[PDB]
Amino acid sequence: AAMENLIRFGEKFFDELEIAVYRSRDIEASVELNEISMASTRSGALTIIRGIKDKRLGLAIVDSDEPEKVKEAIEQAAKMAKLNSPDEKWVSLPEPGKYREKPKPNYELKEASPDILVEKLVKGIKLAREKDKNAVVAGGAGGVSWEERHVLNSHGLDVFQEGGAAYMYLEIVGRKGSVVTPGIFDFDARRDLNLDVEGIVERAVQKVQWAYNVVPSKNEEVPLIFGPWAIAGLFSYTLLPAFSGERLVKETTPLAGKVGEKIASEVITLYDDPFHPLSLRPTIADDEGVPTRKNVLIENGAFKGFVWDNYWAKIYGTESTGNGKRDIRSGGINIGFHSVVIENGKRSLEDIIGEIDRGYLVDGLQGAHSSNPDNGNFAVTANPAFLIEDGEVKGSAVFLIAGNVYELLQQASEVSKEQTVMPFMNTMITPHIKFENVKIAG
């Protein structure tokens, strides 16, 4: 009954306090230039204290869960709070809430050996070589991450959950003649150890084949099929920030006052839900213990509302939607997403590509870029991108896409049937999206 006594101890110095304990075990392995370059195993604990006294906040962090270290951190936070000035906008920490039912943890990922990762990377090297004798795995990595979080506060909130996720990516470079392709990245992420290295290699090697044939690009107006990585990049930098209630309070979201209005084509449905079947982290509570839920942001093209954490919700007058995420370096809470889902459609990507007379498959946005989430404006470089002519991919190309994400979203005519989990940055679950007649500059 340690943490119970620690809250009692903290209540001597604070009006209210929160204790969050994080535990993890991570295994990783790396490949450099067709050699396994590293395997590692890490595990540890981290405790964060947020204490408030007369609306003055103290926050202390220690990389331990032993009660003496946690007591020291409570004292650290109290001393900081006594040095801080009051935050008049502070109201209170979250109250206990009703949580969805916890899923069963995937304990095989709590005991996984780094050998699993090493062997999947070795297999990827061998498969890539078999499929194209000049294909090289220039870089790659795999990881398995097990996480536990215990959150409690002086208002009676206790929530605990643990679970794991695994991921792998390969970067493949080809050489045919004197052409060297750019690095082609592909990946897999899931909640079990059967990482699909075969699929990674097949897709990456296919895109290398196409990239052996560079074709010039011109100024034109053409359909673009965005892949998951390009969608994640563009939307994370230009669109998702607009859904934050903090920007509503600060008058920096172009979506203010547009609830119920059409901001995208009816083809687009976008929501945040950790309980989606492909989610890597089916968490029932956010990082300050508020229950998570399905938050619909765009419903059949119509803007539905904003996401909130405790602090900004109470400043505004509403309730948190369970979107308080822990800042990795500072230890504070900020508004963020759990699993951003774009709903899928009915036909395969191959059906959609087969019907394009002239167009581009945009797989990544590797290149010079700028974005402004205050109005949605953007300028990106499509790379890698592949020209489609008469329903067939003809080669690789580079071009510029400049415009506005809201205008672009209105050009969406279809979303493919499959969904891909993007593990990096914001976790995003998305299909391919076809946009009609985008103006591109060569």
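The first residue of the sequence shown is number 1, and the count goes up from there.
> Would you tell me which stretch averages the higher CA B-factor in the PDB entry, 253-261 or 137-145?
Mean CA B-factor is higher for 253-261.
> Check the entry's C-alpha temperature factors for 405-413 and 369-377, then say which stretch has the higher mean.
For C-alpha atoms only, the mean B-factor is higher in 369-377.
> Sort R326, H276, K176, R191 by C-alpha B-factor from the entry and give me just the highest.
Highest C-alpha B-factor among the listed residues goes to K176.
> Per the coordinate record, which of the options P86, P228, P291, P241 holds the highest CA temperature factor?
The listed residue with the largest C-alpha B-factor is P86.
> Compared with the other modelled residues in the chain, in which third is the CA B-factor of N383?
CA B-factor rank for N383: highest third.
> For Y360, does the deposited CA B-factor place it in the lowest, middle or highest third of the chain?
According to the entry, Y360 has a C-alpha B-factor in the chain's middle third.
> Can you work out whether the C-alpha temperature factor of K346 puts it in the lowest, middle or highest third of the chain?
For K346, the deposited C-alpha B-factor lands in the middle third.
> Which third, lowest, middle or highest, does the CA B-factor of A232 fall in along this chain?
Middle third.
> Could you place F13 in the lowest, middle or highest third of its chain by Cα temperature factor, using the values in the record?
For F13, the deposited C-alpha B-factor lands in the highest third.
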